$ cat work.json   # JSON, C-alpha atoms
[["chain", "number", "residue", "atom", "x", "y", "z"],
["A", 1, "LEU", "CA", 19.20, 4.04, 2.57],
["A", 2, "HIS", "CA", 19.57, 4.33, 6.27],
["A", 3, "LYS", "CA", 17.42, 4.59, 9.35],
["A", 4, "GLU", "CA", 17.57, 7.52, 11.67],
["A", 5, "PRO", "CA", 16.24, 7.87, 15.24],
["A", 6, "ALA", "CA", 13.08, 9.86, 16.06],
["A", 7, "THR", "CA", 10.99, 10.03, 19.29],
["A", 8, "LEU", "CA", 7.29, 10.55, 20.19],
["A", 9, "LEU", "CA", 7.45, 12.93, 15.68],
["A", 10, "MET", "CA", 10.66, 14.62, 17.07],
["A", 11, "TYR", "CA", 13.26, 14.49, 14.35],
["A", 12, "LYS", "CA", 16.68, 15.92, 14.88],
["A", 13, "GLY", "CA", 15.15, 18.07, 17.65],
["A", 14, "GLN", "CA", 12.08, 19.31, 15.81],
["A", 15, "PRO", "CA", 8.56, 18.10, 15.49],
["A", 16, "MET", "CA", 7.45, 17.38, 11.98],
["A", 17, "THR", "CA", 4.49, 15.81, 10.35],
["A", 18, "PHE", "CA", 5.39, 12.52, 8.69],
["A", 19, "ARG", "CA", 3.65, 10.83, 5.85],
["A", 20, "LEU", "CA", 3.82, 7.10, 5.31],
["A", 21, "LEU", "CA", 5.66, 6.61, 2.01],
["A", 22, "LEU", "CA", 4.08, 4.27, -0.49],
["A", 23, "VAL", "CA", 0.88, 3.63, 1.57],
["A", 24, "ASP", "CA", -2.62, 5.26, 1.68],
["A", 25, "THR", "CA", -4.47, 4.82, 4.89],
["A", 26, "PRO", "CA", -8.11, 5.86, 4.74],
["A", 27, "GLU", "CA", -8.76, 9.28, 6.33],
["A", 28, "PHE", "CA", -10.46, 9.76, 9.71],
["A", 29, "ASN", "CA", -13.84, 10.30, 8.10],
["A", 30, "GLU", "CA", -13.66, 7.14, 5.93],
["A", 31, "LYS", "CA", -14.33, 3.40, 6.56],
["A", 32, "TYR", "CA", -11.33, 1.88, 8.39],
["A", 33, "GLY", "CA", -10.05, 5.41, 9.11],
["A", 34, "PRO", "CA", -10.40, 5.12, 12.80],
["A", 35, "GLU", "CA", -8.99, 1.59, 12.95],
["A", 36, "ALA", "CA", -5.98, 2.57, 10.74],
["A", 37, "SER", "CA", -5.22, 5.56, 13.12],
["A", 38, "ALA", "CA", -5.64, 3.39, 16.19],
["A", 39, "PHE", "CA", -3.41, 0.54, 14.76],
["A", 40, "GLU", "CA", -0.71, 3.00, 13.92],
["A", 41, "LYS", "CA", -0.77, 4.95, 17.24],
["A", 42, "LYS", "CA", -0.59, 1.82, 19.36],
["A", 43, "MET", "CA", 2.30, 0.46, 17.29],
["A", 44, "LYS", "CA", 4.18, 3.71, 17.76],
["A", 45, "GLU", "CA", 3.58, 4.11, 21.48],
["A", 46, "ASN", "CA", 4.32, 0.57, 22.43],
["A", 47, "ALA", "CA", 7.56, 0.79, 20.57],
["A", 48, "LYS", "CA", 10.74, 0.94, 22.51],
["A", 49, "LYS", "CA", 12.40, 2.70, 19.67],
["A", 50, "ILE", "CA", 11.20, 4.70, 16.69],
["A", 51, "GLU", "CA", 13.12, 5.18, 13.42],
["A", 52, "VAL", "CA", 12.50, 7.18, 10.19],
["A", 53, "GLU", "CA", 13.90, 6.18, 6.85],
["A", 54, "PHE", "CA", 13.92, 8.50, 3.89],
["A", 55, "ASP", "CA", 13.98, 7.27, 0.36],
["A", 56, "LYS", "CA", 16.34, 8.41, -2.40],
["A", 57, "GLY", "CA", 13.91, 11.07, -3.84],
["A", 58, "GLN", "CA", 12.24, 14.10, -2.27],
["A", 59, "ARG", "CA", 12.17, 14.10, 1.45],
["A", 60, "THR", "CA", 8.97, 16.30, 1.71],
["A", 61, "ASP", "CA", 5.71, 16.58, -0.07],
["A", 62, "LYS", "CA", 4.03, 19.93, -1.12],
["A", 63, "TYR", "CA", 2.37, 20.01, 2.37],
["A", 64, "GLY", "CA", 5.71, 20.08, 4.19],
["A", 65, "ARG", "CA", 5.36, 16.47, 5.36],
["A", 66, "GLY", "CA", 8.29, 13.98, 5.75],
["A", 67, "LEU", "CA", 8.07, 11.21, 3.18],
["A", 68, "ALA", "CA", 9.37, 8.21, 5.07],
["A", 69, "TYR", "CA", 9.34, 4.56, 6.06],
["A", 70, "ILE", "CA", 8.69, 4.49, 9.78],
["A", 71, "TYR", "CA", 9.90, 1.59, 12.01],
["A", 72, "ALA", "CA", 8.82, 0.59, 15.52],
["A", 73, "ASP", "CA", 11.44, -1.69, 17.16],
["A", 74, "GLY", "CA", 12.53, -2.72, 13.66],
["A", 75, "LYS", "CA", 9.08, -3.36, 12.24],
["A", 76, "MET", "CA", 7.82, -1.15, 9.45],
["A", 77, "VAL", "CA", 4.64, 0.71, 10.27],
["A", 78, "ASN", "CA", 3.91, 1.22, 6.63],
["A", 79, "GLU", "CA", 4.06, -2.49, 5.85],
["A", 80, "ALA", "CA", 2.11, -3.66, 8.99],
["A", 81, "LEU", "CA", -0.79, -1.25, 8.18],
["A", 82, "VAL", "CA", -0.86, -2.61, 4.68],
["A", 83, "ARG", "CA", -0.70, -6.31, 5.89],
["A", 84, "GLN", "CA", -3.67, -5.57, 8.18],
["A", 85, "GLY", "CA", -5.70, -4.40, 5.22],
["A", 86, "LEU", "CA", -5.67, -0.99, 6.87],
["A", 87, "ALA", "CA", -3.88, 0.81, 3.98],
["A", 88, "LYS", "CA", -3.49, 0.37, 0.26],
["A", 89, "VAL", "CA", -0.23, 0.52, -1.61],
["A", 90, "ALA", "CA", 0.03, 3.97, -3.12],
["A", 91, "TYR", "CA", 0.92, 4.88, -6.67],
["A", 92, "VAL", "CA", 4.38, 6.18, -7.50],
["A", 93, "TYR", "CA", 5.67, 6.94, -11.05],
["A", 94, "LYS", "CA", 9.23, 6.78, -9.97],
["A", 95, "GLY", "CA", 11.63, 7.86, -7.31],
["A", 96, "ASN", "CA", 10.64, 7.21, -3.70],
["A", 97, "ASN", "CA", 9.81, 3.50, -4.38],
["A", 98, "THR", "CA", 12.49, 1.20, -2.88],
["A", 99, "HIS", "CA", 10.09, -0.84, -0.67],
["A", 100, "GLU", "CA", 7.42, -1.25, -3.28],
["A", 101, "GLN", "CA", 7.59, -5.01, -3.71],
["A", 102, "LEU", "CA", 7.82, -5.75, -0.03],
["A", 103, "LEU", "CA", 4.63, -3.70, 0.37],
["A", 104, "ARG", "CA", 2.88, -5.22, -2.63],
["A", 105, "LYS", "CA", 3.42, -8.63, -0.99],
["A", 106, "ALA", "CA", 1.73, -7.56, 2.31],
["A", 107, "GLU", "CA", -1.19, -6.15, 0.34],
["A", 108, "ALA", "CA", -1.55, -9.44, -1.53],
["A", 109, "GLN", "CA", -1.53, -11.37, 1.84],
["A", 110, "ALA", "CA", -4.11, -8.90, 3.22],
["A", 111, "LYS", "CA", -6.31, -9.05, 0.07],
["A", 112, "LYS", "CA", -6.47, -12.83, -0.18],
["A", 113, "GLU", "CA", -7.15, -12.97, 3.65],
["A", 114, "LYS", "CA", -10.07, -10.58, 2.96],
["A", 115, "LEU", "CA", -8.98, -8.25, 5.79],
["A", 116, "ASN", "CA", -10.67, -4.94, 6.56],
["A", 117, "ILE", "CA", -10.46, -2.88, 3.38],
["A", 118, "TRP", "CA", -10.77, -6.05, 1.18],
["A", 119, "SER", "CA", -14.14, -7.29, 2.43]]

$ encode --input "work.json" --output "structure tokens"
Amino acid sequence: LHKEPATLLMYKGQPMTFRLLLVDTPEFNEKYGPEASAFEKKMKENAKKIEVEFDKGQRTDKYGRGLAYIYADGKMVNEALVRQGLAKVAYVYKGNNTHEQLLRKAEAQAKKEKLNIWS
């Protein structure tokens, strides 16, 4: 796996929608929805540099969205949302799952700390 540059996303010169692989933030109309969006936006904007990392499976979902691990100055958005209790670890049968245990760990930390979603 490898990281690629992106800018505020602009990927290889085009804007695409990106989805956060292996994590399920609540939607805008759900509890913690707004706080999840706001955590994520701030982390992206304040970042000096943004990077996208594809997994070894499909690169796009059925909606056309990039399935990726997104990194702000070397910190994984996906994981930090999850650690904040602001996303749950998503289900995956197989394939696009390389950071699963890393992310499970964060969730555990968040759950035992009773943060946001777990409360």

$ closest_residue --input "work.json" --among "A:25, A:58, A:7, A:109" --to "residue 45 of chain A" --atoms "all atoms listed in the file"
A:7

$ residues_around --input "work.json" --residues "residue 10 of chain A" --least-positions-apart "6" --cutoff "10 Å" --atoms "all atoms listed in the file" --output "PDB file with C-alpha atoms, in the coordinates of the input"
ATOM      1  CA  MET A  16       7.450  17.380  11.980  1.00  0.00           C
ATOM      2  CA  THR A  17       4.490  15.810  10.350  1.00  0.00           C
ATOM      3  CA  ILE A  50      11.200   4.700  16.690  1.00  0.00           C
TER       4      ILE A  50
END

$ atom_distance --input "work.json" --atom1 "atom CA of residue 36 of chain A" --atom2 "atom CA of residue 86 of chain A"
5.3 Å

$ closest_residue --input "work.json" --among "A:117, A:21, A:87, A:82" --to "residue 99 of chain A" --atoms "all atoms listed in the file"
A:21

$ closest_residue --input "work.json" --among "A:6, A:94, A:89, A:115" --to "residue 51 of chain A" --atoms "only C-alpha atoms"
A:6

$ residues_around --input "work.json" --residues "residue 91 of chain A" --least-positions-apart "4" --cutoff "10 Å" --atoms "only C-alpha atoms" --output "list in words"
residues 22, 23, 24, 97 and 100 of chain A

$ closest_residue --input "work.json" --among "A:118, A:81, A:54, A:74" --to "residue 96 of chain A" --atoms "all atoms listed in the file"
A:54

$ atom_distance --input "work.json" --atom1 "atom CA of residue 84 of chain A" --atom2 "atom CA of residue 108 of chain A"
10.7 Å

$ closest_residue --input "work.json" --among "A:4, A:27, A:107, A:113" --to "residue 68 of chain A" --atoms "all atoms listed in the file"
A:4

$ closest_residue --input "work.json" --among "A:64, A:42, A:29, A:34" --to "residue 15 of chain A" --atoms "all atoms listed in the file"
A:64

$ residues_near_point --input "work.json" --point "(8.4, 7.5, 19.1)" --cutoff "10 Å" --atoms "only C-alpha atoms" --output "MDAnalysis selection string"
chainID A and resid 5:11 41 43:52 70:73

$ residues_near_point --input "work.json" --point "(19.6, -0.1, 1.7)" --cutoff "9 Å" --atoms "only C-alpha atoms" --output "count of residues only"
3

$ atom_distance --input "work.json" --atom1 "atom CA of residue 38 of chain A" --atom2 "atom CA of residue 77 of chain A"
12.2 Å

$ decode --input "work.json" --residues "segment 12-117 of chain A" --atoms "C-alpha atoms" --output "PDB file, in the first residue's frame"
ATOM      1  CA  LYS A  12      -4.638  13.587  -9.644  1.00  0.00           C
ATOM      2  CA  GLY A  13      -6.239  16.828 -10.885  1.00  0.00           C
ATOM      3  CA  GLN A  14      -9.885  15.918 -10.402  1.00  0.00           C
ATOM      4  CA  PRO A  15     -12.341  16.357  -7.622  1.00  0.00           C
ATOM      5  CA  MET A  16     -13.832  13.177  -6.312  1.00  0.00           C
ATOM      6  CA  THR A  17     -15.974  12.187  -3.432  1.00  0.00           C
ATOM      7  CA  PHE A  18     -14.074  10.058  -0.930  1.00  0.00           C
ATOM      8  CA  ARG A  19     -15.457   7.598   1.504  1.00  0.00           C
ATOM      9  CA  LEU A  20     -13.663   6.692   4.703  1.00  0.00           C
ATOM     10  CA  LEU A  21     -12.740   3.010   4.365  1.00  0.00           C
ATOM     11  CA  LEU A  22     -13.581   0.766   7.277  1.00  0.00           C
ATOM     12  CA  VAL A  23     -15.433   3.482   9.308  1.00  0.00           C
ATOM     13  CA  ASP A  24     -19.115   4.593   9.588  1.00  0.00           C
ATOM     14  CA  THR A  25     -19.626   8.105  10.740  1.00  0.00           C
ATOM     15  CA  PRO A  26     -23.222   8.945  11.603  1.00  0.00           C
ATOM     16  CA  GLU A  27     -24.996  10.950   8.872  1.00  0.00           C
ATOM     17  CA  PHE A  28     -25.783  14.676   9.143  1.00  0.00           C
ATOM     18  CA  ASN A  29     -29.296  13.998  10.382  1.00  0.00           C
ATOM     19  CA  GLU A  30     -28.184  11.561  13.140  1.00  0.00           C
ATOM     20  CA  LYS A  31     -26.794  12.002  16.707  1.00  0.00           C
ATOM     21  CA  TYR A  32     -23.076  12.894  16.501  1.00  0.00           C
ATOM     22  CA  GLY A  33     -23.512  13.594  12.766  1.00  0.00           C
ATOM     23  CA  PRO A  34     -22.710  17.219  13.036  1.00  0.00           C
ATOM     24  CA  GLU A  35     -19.791  16.698  15.429  1.00  0.00           C
ATOM     25  CA  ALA A  36     -18.315  13.917  13.197  1.00  0.00           C
ATOM     26  CA  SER A  37     -18.492  16.300  10.125  1.00  0.00           C
ATOM     27  CA  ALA A  38     -17.015  19.165  12.096  1.00  0.00           C
ATOM     28  CA  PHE A  39     -14.149  16.978  13.560  1.00  0.00           C
ATOM     29  CA  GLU A  40     -13.278  15.740  10.134  1.00  0.00           C
ATOM     30  CA  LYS A  41     -13.411  19.133   8.321  1.00  0.00           C
ATOM     31  CA  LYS A  42     -11.208  20.849  10.875  1.00  0.00           C
ATOM     32  CA  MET A  43      -8.665  18.019  10.750  1.00  0.00           C
ATOM     33  CA  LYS A  44      -8.526  18.309   6.977  1.00  0.00           C
ATOM     34  CA  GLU A  45      -8.268  22.084   6.769  1.00  0.00           C
ATOM     35  CA  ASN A  46      -5.701  22.505   9.458  1.00  0.00           C
ATOM     36  CA  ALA A  47      -3.566  19.930   7.766  1.00  0.00           C
ATOM     37  CA  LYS A  48      -0.470  21.044   6.006  1.00  0.00           C
ATOM     38  CA  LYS A  49      -0.652  18.055   3.781  1.00  0.00           C
ATOM     39  CA  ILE A  50      -3.389  15.657   2.739  1.00  0.00           C
ATOM     40  CA  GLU A  51      -2.850  12.067   1.525  1.00  0.00           C
ATOM     41  CA  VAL A  52      -5.166   9.289   0.209  1.00  0.00           C
ATOM     42  CA  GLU A  53      -4.367   5.629   0.538  1.00  0.00           C
ATOM     43  CA  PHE A  54      -6.228   2.980  -1.378  1.00  0.00           C
ATOM     44  CA  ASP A  55      -6.498  -0.562  -0.191  1.00  0.00           C
ATOM     45  CA  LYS A  56      -5.775  -3.692  -2.222  1.00  0.00           C
ATOM     46  CA  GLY A  57      -9.456  -4.254  -3.298  1.00  0.00           C
ATOM     47  CA  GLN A  58     -11.911  -2.051  -5.190  1.00  0.00           C
ATOM     48  CA  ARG A  59     -11.012   1.565  -5.311  1.00  0.00           C
ATOM     49  CA  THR A  60     -14.682   2.794  -5.685  1.00  0.00           C
ATOM     50  CA  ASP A  61     -18.007   1.901  -4.276  1.00  0.00           C
ATOM     51  CA  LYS A  62     -21.302   1.601  -6.340  1.00  0.00           C
ATOM     52  CA  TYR A  63     -21.825   5.387  -5.741  1.00  0.00           C
ATOM     53  CA  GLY A  64     -18.591   6.326  -7.505  1.00  0.00           C
ATOM     54  CA  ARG A  65     -16.854   7.216  -4.226  1.00  0.00           C
ATOM     55  CA  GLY A  66     -13.103   6.645  -3.499  1.00  0.00           C
ATOM     56  CA  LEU A  67     -12.616   3.967  -0.871  1.00  0.00           C
ATOM     57  CA  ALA A  68      -9.604   5.206   1.039  1.00  0.00           C
ATOM     58  CA  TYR A  69      -7.618   5.832   4.197  1.00  0.00           C
ATOM     59  CA  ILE A  70      -7.169   9.579   4.427  1.00  0.00           C
ATOM     60  CA  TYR A  71      -4.192  11.170   6.275  1.00  0.00           C
ATOM     61  CA  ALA A  72      -3.719  14.732   7.531  1.00  0.00           C
ATOM     62  CA  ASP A  73       0.000  15.463   8.185  1.00  0.00           C
ATOM     63  CA  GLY A  74       0.505  11.721   8.699  1.00  0.00           C
ATOM     64  CA  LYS A  75      -2.456  11.137  10.989  1.00  0.00           C
ATOM     65  CA  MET A  76      -5.282   8.957   9.790  1.00  0.00           C
ATOM     66  CA  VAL A  77      -8.628  10.689   9.678  1.00  0.00           C
ATOM     67  CA  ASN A  78     -10.428   7.410   9.730  1.00  0.00           C
ATOM     68  CA  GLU A  79      -8.723   6.278  12.934  1.00  0.00           C
ATOM     69  CA  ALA A  80      -8.994   9.680  14.771  1.00  0.00           C
ATOM     70  CA  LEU A  81     -12.787   9.830  14.111  1.00  0.00           C
ATOM     71  CA  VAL A  82     -13.091   6.337  15.479  1.00  0.00           C
ATOM     72  CA  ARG A  83     -10.873   7.134  18.580  1.00  0.00           C
ATOM     73  CA  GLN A  84     -13.131  10.135  19.286  1.00  0.00           C
ATOM     74  CA  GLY A  85     -16.162   7.883  19.371  1.00  0.00           C
ATOM     75  CA  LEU A  86     -17.343   9.777  16.314  1.00  0.00           C
ATOM     76  CA  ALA A  87     -17.446   6.715  13.984  1.00  0.00           C
ATOM     77  CA  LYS A  88     -17.868   2.989  14.338  1.00  0.00           C
ATOM     78  CA  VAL A  89     -15.690   0.397  12.695  1.00  0.00           C
ATOM     79  CA  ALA A  90     -17.510  -0.806   9.622  1.00  0.00           C
ATOM     80  CA  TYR A  91     -18.119  -4.371   8.537  1.00  0.00           C
ATOM     81  CA  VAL A  92     -16.054  -5.892   5.757  1.00  0.00           C
ATOM     82  CA  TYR A  93     -16.251  -9.568   4.613  1.00  0.00           C
ATOM     83  CA  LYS A  94     -12.913  -9.414   2.973  1.00  0.00           C
ATOM     84  CA  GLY A  95     -10.732  -7.331   0.751  1.00  0.00           C
ATOM     85  CA  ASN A  96     -10.321  -3.668   1.652  1.00  0.00           C
ATOM     86  CA  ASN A  97      -9.412  -4.454   5.321  1.00  0.00           C
ATOM     87  CA  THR A  98      -5.669  -3.871   5.961  1.00  0.00           C
ATOM     88  CA  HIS A  99      -6.132  -1.336   8.826  1.00  0.00           C
ATOM     89  CA  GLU A 100      -8.854  -3.239  10.592  1.00  0.00           C
ATOM     90  CA  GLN A 101      -7.013  -4.042  13.804  1.00  0.00           C
ATOM     91  CA  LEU A 102      -5.524  -0.613  14.184  1.00  0.00           C
ATOM     92  CA  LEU A 103      -9.082   0.736  13.932  1.00  0.00           C
ATOM     93  CA  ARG A 104     -10.587  -1.865  16.232  1.00  0.00           C
ATOM     94  CA  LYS A 105      -8.076  -0.728  18.884  1.00  0.00           C
ATOM     95  CA  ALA A 106      -9.160   2.964  18.632  1.00  0.00           C
ATOM     96  CA  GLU A 107     -12.791   1.913  18.907  1.00  0.00           C
ATOM     97  CA  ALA A 108     -12.001  -0.106  22.028  1.00  0.00           C
ATOM     98  CA  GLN A 109     -10.188   2.965  23.567  1.00  0.00           C
ATOM     99  CA  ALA A 110     -13.184   5.152  22.613  1.00  0.00           C
ATOM    100  CA  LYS A 111     -15.769   2.640  23.937  1.00  0.00           C
ATOM    101  CA  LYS A 112     -14.153   2.085  27.324  1.00  0.00           C
ATOM    102  CA  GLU A 113     -13.668   5.938  27.616  1.00  0.00           C
ATOM    103  CA  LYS A 114     -17.441   6.207  26.987  1.00  0.00           C
ATOM    104  CA  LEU A 115     -16.912   8.885  24.302  1.00  0.00           C
ATOM    105  CA  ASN A 116     -19.716  10.343  22.207  1.00  0.00           C
ATOM    106  CA  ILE A 117     -21.351   7.408  20.438  1.00  0.00           C
TER     107      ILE A 117
END
